[PDB]
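Student: before the rest arrives, take these chains from my complex:
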Amino acid sequence: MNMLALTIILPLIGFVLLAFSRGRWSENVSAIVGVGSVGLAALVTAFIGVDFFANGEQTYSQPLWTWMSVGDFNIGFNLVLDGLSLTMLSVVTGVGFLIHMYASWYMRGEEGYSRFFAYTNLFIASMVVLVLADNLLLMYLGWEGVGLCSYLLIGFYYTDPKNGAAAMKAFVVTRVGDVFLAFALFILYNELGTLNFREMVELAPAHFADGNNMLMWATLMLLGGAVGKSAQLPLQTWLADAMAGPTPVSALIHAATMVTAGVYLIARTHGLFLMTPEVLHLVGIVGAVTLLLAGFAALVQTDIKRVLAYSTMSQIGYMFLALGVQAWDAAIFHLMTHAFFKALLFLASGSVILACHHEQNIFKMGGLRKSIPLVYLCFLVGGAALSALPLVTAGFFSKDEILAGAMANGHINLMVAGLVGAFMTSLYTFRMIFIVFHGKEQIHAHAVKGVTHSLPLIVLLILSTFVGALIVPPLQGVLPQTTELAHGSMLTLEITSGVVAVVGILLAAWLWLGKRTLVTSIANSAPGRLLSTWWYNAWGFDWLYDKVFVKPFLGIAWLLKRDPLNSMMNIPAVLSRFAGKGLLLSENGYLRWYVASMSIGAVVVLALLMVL
């Protein structure tokens, strides 16, 4: 109710204060203002959410001012608050509130403090802009707004250059996706004139009576934009390297904020993807092949942050399938559950790595149940939901609904993909906690007790469970394509996923409960290391994407260390100076040759006159 810009201005304005109070403020006042910006954002979001319930799920639009206006090119700062956008706002202004409230305690004790609460507010503000935008332009401001903020937070620690160098590969890769995204934007203005989503929805079939061949180029290249920003095969590079930053920024980037932009673009243009069915099924095709890639790389390396990261890649592509199977509201339901567990799962790991005191390993710790069971119950709750366990979990309803929709689509390969994904999620569910928290503690993890993080831990504990699954997100305000329902086989698919999850959990527990010598043998077997090296390269994709253009780019830069065309158009000066030196040497000073010059001028003048 005329309060949409307060979900953008109040964070953004707070950034400006912390961008110029470069450490001159104290700890406490900086901490309060940084959390209070996002806190006011959640409160204003809640007011418009309960008023949206009082609106009868009727959308509310607010134009602030027209951005630019040429007589055929009309772009305005239009904000649309409908059911899909309200849910995507709900995730951000809750999760960013919870993640940032933890950062009020995690950040203290070290420098770069006002700096970090400056760039987090900008990061949040850019994500709110993307999901409330009504024009594809303003939404483009959202895309590279949040990309620059990921650069400022991945490379947050500027002292050592590993994390200071890891951010630019993400920056290069996200701008390749943004070029791919803007390509479809040019094509849509050339073909359909107006970039507003709804006016586009009932203008697309009116303009398309004759020619359709070029719309696949628009939509396929639009798809290339959506996939790159979050995670997918053609451009899956940077999510391992994004873990080099601090724990709270990894949660913000990987859990529900920046990675939930590629989901919002496919979901918002769902009618636009319904104008072409094969580009819609192609999302699921690429989704089905990335669940096969993104899973077991969590098992391979000994970095906990790389574990949580390959799981996020697997889950985002799992969504792309869910959107490719024409189950839109179910996918956002998966997102509503997915934000809760991932953020806590990431955050709890940070608290324990504070207690680890520079371990960064999964094979040298054990018996951590006796250290502090609070983080033990944090991983436990997250693991159950991820594995698709039927015991008081939140997300299992979302997996059950999308597989029901997927088998209502009727693609046996997609259920095979879904079945192997459920098995693969259950494999890396408890293997991490069994290899880390169980064994012997030769290096003590000193647990830290404090109410400042315990209260959000309890809030995240009560939210990530099935109590949070009862909060139905607003999906009746957009009226999307209806997610089809199947009955009778719902119980059959539910028990099938439960058996698959239980078998995977029991196999991980059997890997734990064994001697682990067979695990050591397959971690020492030469074909095992070949596959480990092969999936260190991750189907050679980072290998291919470096060695396809990078050293050619460095080679042409090494060929451009001196500027060629400046030199090759200096040859007039070179020829003139050298020819001038020759003419100076042609002069002698001996007066006989001066008179010979006079005779030889007379000879040539008479000759040149006699040839005329």
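Tutor: Received, thanks. Numbers count the residues shown, from 1 in each chain, chains lettered A, B, ... in the order given.
Student: residues in contact with residue A:175?
Tutor: By CB atoms under 8 Å, 6 or more residues apart in numbering, the contact set of residue A:175 is A:144, A:147. In short, each C-beta sits where N, CA and C put it, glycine included.
Student: ok, which stretches of the stretch 201-350 of chain A are helices?
Tutor: A:204-207, A:213-229, A:247-251, A:262-268, A:270-274, A:277-294, A:297-300, A:304-324, A:328-356 (DSSP state H, counting those that start in this stretch).
Student: want to throw these into CSV with distance to residue A:81?
Tutor: Compiled in CSV, these are given as follows (distance: least, CB to CB, whole Å):
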stretch, distance to residue A:81
helix A:204-207, 23
helix A:213-229, 22
helix A:247-251, 26
helix A:262-268, 13
helix A:270-274, 18
helix A:277-294, 26
helix A:297-300, 37
helix A:304-324, 22
helix A:328-356, 15
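Student: what's the spacing between stretch A:172-183 and its chain's center?
Tutor: The chain centroid and the centroid of stretch A:172-183 are separated by 12 Å, computed with CA atoms, centre = their mean, to the nearest Å.
Student: for that stretch, C-alpha coordinates in PDB please.
Tutor: What follows is stretch A:172-183, C-alpha atoms only, in PDB (Å, rounded to 0.1, in the frame of the first residue of the first chain):
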ATOM      1  CA  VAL A 172      33.300 -12.300 -16.000                       C
ATOM      2  CA  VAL A 173      30.900 -15.300 -16.100                       C
ATOM      3  CA  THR A 174      27.900 -13.400 -14.800                       C
ATOM      4  CA  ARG A 175      28.400 -10.700 -17.400                       C
ATOM      5  CA  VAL A 176      28.600 -13.300 -20.200                       C
ATOM      6  CA  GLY A 177      25.200 -14.400 -19.000                       C
ATOM      7  CA  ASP A 178      24.000 -10.800 -18.900                       C
ATOM      8  CA  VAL A 179      25.100 -10.300 -22.500                       C
ATOM      9  CA  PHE A 180      23.100 -13.400 -23.300                       C
ATOM     10  CA  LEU A 181      20.200 -11.900 -21.300                       C
ATOM     11  CA  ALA A 182      20.300  -8.500 -23.000                       C
ATOM     12  CA  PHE A 183      20.300 -10.200 -26.400                       C
END
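Student: returning to that earlier point: for residue A:416, find the nearest of the helices of the stretch 201-350 of chain A.
Tutor: helix A:277-294 (8.8 Å; CB to CB).
Student: what sits up against that closest one?
Tutor: Around helix A:277-294, the neighbours that count as contacts under CB under 8 Å, 6+ apart are A:216, A:219-220, A:223, A:227, A:231-234, A:236, A:266, A:273-274, A:310-311, A:313-314, A:317-321, A:323-326, A:411, A:413-414, A:417, A:420-421, A:424, A:538-539.
Student: can you give me the buried ones in that helix?
Tutor: Counting neighbours by 16 or more other CB atoms under 10 Å, one finds that the buried residues in helix A:277-294 are A:279-288, A:290-294.
Student: hey, where'd the strands end up in the stretch 51-200 of chain A?
Tutor: Ranges of strands within the stretch 51-200 of chain A are A:60-70, A:73-81, based on DSSP state E, counting those that start in this stretch.
Student: tell me the domain boundaries of chain A?
Tutor: The record's domain parsing of chain A by curated CATH domains lists A:1-536, A:537-612.
Student: picking that back up, tell me which of the buried residues of helix A:277-294 is nearest to residue A:611?
Tutor: The shortest distance between residue A:611 and any of the buried residues of helix A:277-294, using CB to CB, involves residue A:279 and amounts to 76.0 Å.
Student: before we move on, the earlier item: mind giving me the PyMOL select for the contacts of helix A:277-294, buried ones only?
Tutor: Paste this into PyMOL to select the buried members of the contacts of helix A:277-294, with burial taken from 16+ other CB under 10 Å:
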select buried, chain A and resi 219+220+223+227+231+232+233+236+266+273+310+311+313+314+317+318+319+320+321+323+324+325+326+411+414+417+421+424+538
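Student: go ahead and place chain B:
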Amino acid sequence: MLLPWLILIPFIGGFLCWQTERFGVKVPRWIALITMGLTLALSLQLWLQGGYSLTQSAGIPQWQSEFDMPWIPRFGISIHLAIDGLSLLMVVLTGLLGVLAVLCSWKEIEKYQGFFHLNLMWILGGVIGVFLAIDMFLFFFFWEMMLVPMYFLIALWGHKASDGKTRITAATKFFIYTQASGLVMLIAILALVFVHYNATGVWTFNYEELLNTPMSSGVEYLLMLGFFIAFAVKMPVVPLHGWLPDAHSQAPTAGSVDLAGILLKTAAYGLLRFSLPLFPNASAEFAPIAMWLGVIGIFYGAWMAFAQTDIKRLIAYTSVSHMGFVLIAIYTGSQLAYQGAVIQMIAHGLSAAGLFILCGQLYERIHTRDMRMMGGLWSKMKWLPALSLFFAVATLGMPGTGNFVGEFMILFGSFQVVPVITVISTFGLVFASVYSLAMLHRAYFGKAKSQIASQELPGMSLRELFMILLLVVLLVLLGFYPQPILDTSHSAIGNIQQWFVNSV
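Tutor: Below, chain B sits with the chains from the block before:
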């Protein structure tokens, strides 16, 4: 009326600074600031008082203010100063850049300082005179006399007569590469006037009657190449741009503000104003060569920018990449594309000026020019690298900066007219990111132990931060809210496009 005064204040100020050089030595800094304040006052008065939102289809002759005066009556050479809407954007930009030039030269006393500032006002006044020029000879005279005083700047102030590399390569290539092509366009002017003199029978050097002169096909094509050669050596185009990095890396960075931010403007101003309307069919035939040169310029400047190891030559090779978008914009049949070029062009000046001020600022902090020698200065400087991060961010197409809306409306109009050369062109944004990050990571990200001299760093004064803060806030408002200046330029851009459409 105001136009004779508005081109003469720079020359009047140079006389008075050099007059009061005998009276004092701290005078010309304070004299120069006020005189450029008066220049922007008259420029902003024309913006506000004039009808900037005028009629979009009032013909090709339309001017808010106009001056005429007989100069050489034998050829009809007259002081035909006349200000349009887009010309007024150019005047206000150079007045602001002149304030930055005279502010960066503050607290710079030497053996002679009045000589520096009379030259400084002379070169800035020359650019204003090119921007207000409708008579061809007046345009050419101003085009060539802003070109002589920068030579003295690079020579006597590139370094004070110690090393011979500040004259015999840098300044000399700067001078010759421009003047040979200036003489080419002069004989182009004369061939056009002579064919008009055969047609009608009056010796005229005025733009309005030379606009529609009857010329047979195969004749005006050579004159269009003759105009474009002088308009391709001033803004960096592919075959002839070797002067630009040498000129920017040797001149003092205030002279580099003049050399980059505003001397690059006048060639595309002339491509919009003097080359397109006079030769419609020749430009329609020449268009695809212009598109090929434009895409080659973007890709070429980015690669040469990635491959370079210093900073002044680094930003100097960003400029040649930026101008390729502008050239493709001008050589198309779209109104939106031209209006994208104007906002990209103003943002180009505003995004190069801050970087050059800051690169010169960093050098005088550390006394070291090579970029790869330093690294990890973030823990030492308190405001330089944060502000520098946004300017490197504003170089590429980051929204909330004027460069994004500029380059990107060109691409909309360019895809409207022709698909395949535009879809090649868009990839320069990816290459813009790689040289932007290369600058950022090699200079500021890392450890301060990369250089021994990176362990004792000075502080930053208030006025430099004030003039950096004004540019970053000014550039953000142009990125978020570019409507007011687009409404200003709509009618001038529209009649050029309508003439280019209807005359073919």
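Student: try the contacts of residue A:175 again now we have chain B.
Tutor: Residues counted as contacts of residue A:175 (CB atoms under 8 Å, 6 or more residues apart in numbering or on different chains) are A:144, A:147, B:396, B:429, B:430, B:433.
Student: ok, now with 6 Å
Tutor: Residue A:175 is in contact with B:430, B:433, counting by CB atoms under 6 Å, 6 or more residues apart in numbering or on different chains.
Student: same check, this time on residue B:155
Tutor: Residue B:155 is in contact with B:167, B:171, counting by CB under 6 Å, 6+ apart.
Student: show me what from chain B comes close to chain A.
Tutor: The interface of chain B toward chain A, taken as CB under 6 Å from any CB of the partner chain, is made up of B:242, B:303-304, B:306-307, B:336, B:378, B:398-399, B:411-412, B:415-416, B:426, B:429-430, B:433, B:437, B:445-446, B:482-483.
Student: and the next element down the chain from the helix or strand containing residue A:502?
Tutor: With elements delineated by DSSP states H and E, residue A:502 resides in helix A:490-513, which encompasses its position. Next helix or strand after helix A:490-513 toward the C-terminus (DSSP H and E): helix A:517-522.
Student: send the alpha carbons of that following helix over as CSV?
Tutor: As requested, C-alpha coordinates have been extracted for helix A:517-522 and formatted as CSV (Å, rounded to 0.1, in the frame of the first residue of the first chain):
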residue,chain,number,x,y,z
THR,A,517,39.2,-49.4,4.7
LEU,A,518,37.1,-50.0,1.6
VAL,A,519,36.4,-46.3,1.5
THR,A,520,40.2,-45.8,1.7
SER,A,521,40.7,-48.4,-1.0
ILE,A,522,38.2,-46.7,-3.4
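Student: next one: that helix to chain centre, how far?
Tutor: On CA atoms, centre = their mean, the centre of helix A:517-522 falls 35 Å from the chain's centre.
Student: right, and the helix or strand after that helix?
Tutor: Scanning forward in sequence from helix A:517-522, with DSSP H and E defining helices and strands, the next element found is helix A:526-536.
Student: buried sites along that following helix?
Tutor: Residues of helix A:526-536 classed as buried: A:532, A:535 (neighbour count, 16 or more other CB atoms under 10 Å in any protein chain shown).
Student: and the helix or strand following that helix, which residues are buried?
Tutor: Downstream of helix A:526-536, the next assigned helix or strand under DSSP H and E is helix A:541-547. Within helix A:541-547, the residues scored as buried using 16+ other CB under 10 Å are A:542, A:545.
Student: helix A:541-547 near chain B anywhere?
Tutor: No - using CB under 6 Å from any CB as the criterion, no contacts between helix A:541-547 and chain B are found, and the smallest distance is 12.8 Å.
Student: quick check: longest helix of the chain.
Tutor: Using chain A. In chain A, ranked by residue count with DSSP state H as the criterion, the top helix is helix A:161-192.
Student: the intended chain is chain B.
Tutor: For chain B, assigning by DSSP H, the longest helix comes out as helix B:335-366.
Student: quick one: that one to strand A:60-70, angle?
Tutor: Here the directions of helix B:335-366 and strand A:60-70 differ by 90 degrees (axes from the mean of the first three to the mean of the last three CA atoms, to 10 degrees).
Student: so which elements touch helix B:335-366?
Tutor: Based on contacts counted as 3 or more CB pairs under 6 Å, 6 or more residues apart in numbering or on different chains; DSSP states H and E, the elements that helix B:335-366 packs against are helix B:85-104, helix B:253-257, helix B:312-330, helix B:384-395, helix B:402-417, helix B:483-502.
Student: what's around the closest residue to residue B:259 other than its chain neighbours, how many residues?
Tutor: The spatial neighbour of residue B:259 that comes closest, neighbours along the chain excluded (CB to CB, 6 or more residues apart in numbering or on different chains), is residue B:247 at 5.3 Å. Neighbours of residue B:247 under the rule other CB atoms under 10 Å in any protein chain shown: 26.
Student: secondary structure element for the residue of chain A found nearest chain B?
Tutor: When scored by CB to the nearest CB, chain A has residue A:566 as its residue closest to chain B, at 2.6 Å. In this assignment (DSSP H and E), residue A:566 forms part of helix A:564-568.
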